[PDB]
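Peer 1: Please work out how this folds:
(chains A, B and C, ligands or ions: 1)
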Amino acid sequence: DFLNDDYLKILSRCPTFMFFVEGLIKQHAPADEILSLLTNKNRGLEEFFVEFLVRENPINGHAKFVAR
Amino acid sequence: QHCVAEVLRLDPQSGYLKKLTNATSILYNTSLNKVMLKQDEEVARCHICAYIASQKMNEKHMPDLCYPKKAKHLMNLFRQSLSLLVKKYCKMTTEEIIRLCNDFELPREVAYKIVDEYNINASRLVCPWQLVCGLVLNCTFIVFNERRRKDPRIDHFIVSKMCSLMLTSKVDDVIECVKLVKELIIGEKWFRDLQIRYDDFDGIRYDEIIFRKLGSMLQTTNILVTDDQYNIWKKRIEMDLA
Amino acid sequence: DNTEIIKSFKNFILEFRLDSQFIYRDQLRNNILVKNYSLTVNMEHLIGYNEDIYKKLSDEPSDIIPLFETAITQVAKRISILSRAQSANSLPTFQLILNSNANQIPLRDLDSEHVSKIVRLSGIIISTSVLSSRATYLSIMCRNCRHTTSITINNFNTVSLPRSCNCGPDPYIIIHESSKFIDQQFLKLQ
Ligand SMILES: [Zn+2]
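Peer 2: Numbering: from 1, shown residues only, chains lettered A, B, ... in the order given. The relevant structure is shown in the block below.
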């Protein structure tokens, strides 16, 4: 709930996020979802934040069930 | 007069400049007045003109003035009218290594410093190509950190340049050429002056590294990117429509 | 430096606008559908936008022009692929075109000053001589080495063939059927 704008700014400079961005720039000549989600509207941004934040990082659970 | 001042102020490459332009003027004058001095292409006609005008005023300097067949002819004619490191025990000069340093368009002050280094400590040697190689490399890495800090495509081009300027396919010897001079030249006040000037300190700034190494977490390892970067990266996708 | 000027120029391409509508951007987008490989330009439109190119294109134009050509080709190359990604290998330099109305100076008031600069003028036409051709890209094989190479020329429709790649001097034949050319004419005025 306390996800402030300055936090939203700095997380933008995730360079991997720029990789993802440009990968979709060249995957799609149109530019509709990126304007749907990007900092030009921060709602979709923070939405994506929690969306990709929740994930498992399956590497670690993989190491776990590998140990298993 | 343009061309006169050009060739006259070509000598560097108080009373001197003045008296020498006057000298060349009345010299060229005397030489062209009479019908005695002809078939002298103006291609070259302001050079031993300048040398004898050096000879005239007060002090003259044989070196760095004449710097050839007809040079002597016209002189008399006017004067009457009036790999690299396997090679063992090589030899070098002032201007040989001025060339090998001026190939990077580096300044002349750094070159004079390497020259002083040589002519004092070119005594106990095996091969000076190594020493001067390492020297000018550790001039480049210290002065060229900016362009390299933003362009890692440089470090391959530069080492490739000096790899073939001295004709080798193997290069780790060059790596040694750098680190050994760095072991050697490590602690002289002039080297010090250059390091405070152009600010490498292993290629990293002072106000950063001291917190890198004293024991801190505020140390800024810039994995993240700066704000102006994004401020200008945004324009690339602004016009993404096209 | 030159790339500073290149960017000062290429911003004028897509970051210029008047009467609240892009002009040259969509002009190019049209011209490429036309398969034209050129444009139209005004130079009046560049004076307010930027003074970093005018005073130097004036007195050193040929030094600056093929730069613009290459900038143009650069813009083309992105937009070509982007529009292929949108809907639906060989993209040469685009002739640039421009005009002006600042003034007109006559042949009589010329001199041997302001030579190699750019001048404006009036007159009347005579000639329609012939479509004389020049080259732009022409392949070369050596007669002994059988050593293929290639050459391309840019603006002057400076150098000649290579004098040596024993084969001796003049070792090169010019191939035509995989060579390229362009046209010009010799146009008069009075
Ligand atoms: Zn040949």
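Peer 1: now the helices for chain A?
Peer 2: Secondary structure of chain A (DSSP state H): helices at A:5-12, A:15-27, A:32-37, A:42-53, A:58-67.
Peer 1: Please apply the same query to chain C.
Peer 2: Using DSSP H, the helices of chain C run over residues C:3-14, C:24-34, C:44-47, C:54-59, C:61-86.
Peer 1: repeat for chain B
Peer 2: B:2-8, B:15-33, B:48-57, B:69-81, B:94-102, B:108-121, B:128-143, B:145-150, B:154-165, B:172-184, B:189-198, B:206-213, B:227-238.
Peer 1: most tightly surrounded among those helices?
Peer 2: Ranked by mean neighbour count, the helices of chain B are led by helix B:128-143 with a mean of 21 (mean count of other C-beta atoms under 10 Å in any protein chain shown). Just so you know, the C-beta spots here come from the backbone N, C-alpha and C atoms, and that holds for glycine as well.
Peer 1: what's that one in contact with?
Peer 2: B:84-85, B:87, B:90, B:92, B:97, B:100-101, B:104, B:106, B:110, B:114, B:117-118, B:122, B:125, B:148, B:158, B:162, B:166, B:174, B:177-178, B:180-182, B:185, B:194-195, B:198, B:200, B:203 (C-beta atoms under 8 Å, 6 or more residues apart in numbering or on different chains).
Peer 1: quick check: angle from that helix to helix B:154-165?
Peer 2: Interaxial angle of helix B:128-143 relative to helix B:154-165 (axes from the mean of the first three to the mean of the last three C-alpha atoms, to 10 degrees): 160 degrees.
Peer 1: I'd say residue C:72 and residue C:96 touch.
Peer 2: Yes: taking C-beta atoms under 8 Å as the definition, residue C:72 is a contact partner of residue C:96 at 6.7 Å.
Peer 1: any shared contact partners between those two?
Peer 2: Taking C-beta under 8 Å, 6+ apart as the criterion, residue C:72 and residue C:96 both touch residue C:39.
Peer 1: Between those two, tell me which one has more neighbours.
Peer 2: Set residue C:72 next to residue C:96 and count neighbours by other C-beta atoms under 10 Å in any protein chain shown: residue C:72 wins out with 21 against 15.
Peer 1: Okay, that one and residue C:94: tell me how far apart.
Peer 2: Look at residue C:72 and residue C:94: by C-beta to C-beta, to the nearest Å, they are 5 Å apart.
Peer 1: between the two, what contacts are shared?
Peer 2: Common neighbours of residue C:72 and residue C:94, counting by C-beta under 8 Å, 6+ apart, are residue C:39.
Peer 1: Spatially, and excluding backbone neighbours, which residue is closest to the closest residue to the ion within chain A.
Peer 2: The nearest approach of chain A to the ion comes at residue A:26, 43.9 Å away (C-beta to the ion). Once flanking residues are discounted, residue A:26 sits nearest to residue C:85: 7.3 Å by C-beta to C-beta, 6 or more residues apart in numbering or on different chains.
Peer 1: Pull up the residues of chain C that are close to chain B.
Peer 2: Contact residues, chain C versus chain B (C-beta under 8 Å from any C-beta of the partner chain): C:14, C:25, C:29, C:78, C:79, C:82, C:83.
Peer 1: The residue in chain C that chain B sits nearest to: neighbour count?
Peer 2: At 5.1 Å from chain B, residue C:79 is the closest residue in chain C, using C-beta to the nearest C-beta. Residues within reach of residue C:79, counting by other C-beta under 10 Å, total 18.
Peer 1: Contact partners for it?
Peer 2: For residue C:79, the contact set (C-beta under 8 Å, 6+ apart) comprises B:242, C:28, C:29, C:32.
Peer 1: For residue C:2, see how far away the nearest residue to the first one once chain neighbours are set aside is.
Peer 2: Right, residue B:242. In this structure, residue B:242 finds its nearest non-sequential neighbour in residue C:79, 5.1 Å apart by C-beta to C-beta, 6+ apart. Residue C:79 is 23 Å from residue C:2, where distance means C-beta to C-beta.
Peer 1: ok, now residue B:18?
Peer 2: Taken as C-beta to C-beta, the span from residue B:18 to residue C:2 is 38 Å.
Peer 1: same deal with residue A:22?
Peer 2: 27 Å.
Peer 1: Compare the two (neighbour count), which wins?
Peer 2: Legend: neighbour count by other C-beta under 10 Å for residue A:22 and residue C:2, higher for residue A:22 (14 against 8).
Peer 1: Could you check how far the more buried one is from residue A:15?
Peer 2: Taking C-beta to C-beta, one finds residue A:22 at 11 Å from residue A:15.
Peer 1: Give me the nearest residue to residue C:12, chain neighbours excluded.
Peer 2: Distances taken as C-beta to C-beta, 6+ apart place residue C:49 nearest to residue C:12, at 5.7 Å, with adjacent residues excluded.
Peer 1: didn't residue C:12 look like it was pressed against residue C:48?
Peer 2: No: applying C-beta under 8 Å, one finds residue C:12 not in contact with residue C:48, separated by 10.8 Å.
Peer 1: Looking only at neighbour counts, state which of the two leads.
Peer 2: Remark: of residue C:12 and residue C:48, residue C:12 carries more neighbours, 18 against 9, as counted by other C-beta under 10 Å.
Peer 1: residue contacts, the more buried one?
Peer 2: When contacts are counted by C-beta under 8 Å, 6+ apart, residue C:12 touches C:24, C:46, C:49, C:50.
Peer 1: Over to residue B:40?
Peer 2: Residues in contact with residue B:40 (C-beta under 8 Å, 6+ apart) are B:31, B:74.
Peer 1: same thing with the one 4 residues further on?
Peer 2: For residue B:44, the contact set (C-beta under 8 Å, 6+ apart) comprises residue B:70.
Peer 1: do you know how far it is from residue C:61?
Peer 2: Relative to residue C:61, residue B:44 is positioned 34 Å away (C-beta to C-beta).
Peer 1: tell me which parts of chain B are close to chain C?
Peer 2: So far as C-beta under 8 Å from any C-beta goes, chain B lies against chain C at B:239, B:242.
Peer 1: Nearest to the ion: which residue in chain B?
Peer 2: For chain B, C-beta to the ion, closest residue to the ion: residue B:164, 24.0 Å.
Peer 1: how close does residue B:159 sit to chain C?
Peer 2: As defined by C-beta to the nearest C-beta, to the nearest Å, residue B:159 lies at a distance of 24 Å from chain C.
Peer 1: Since that was my last question, I'll sign off now.
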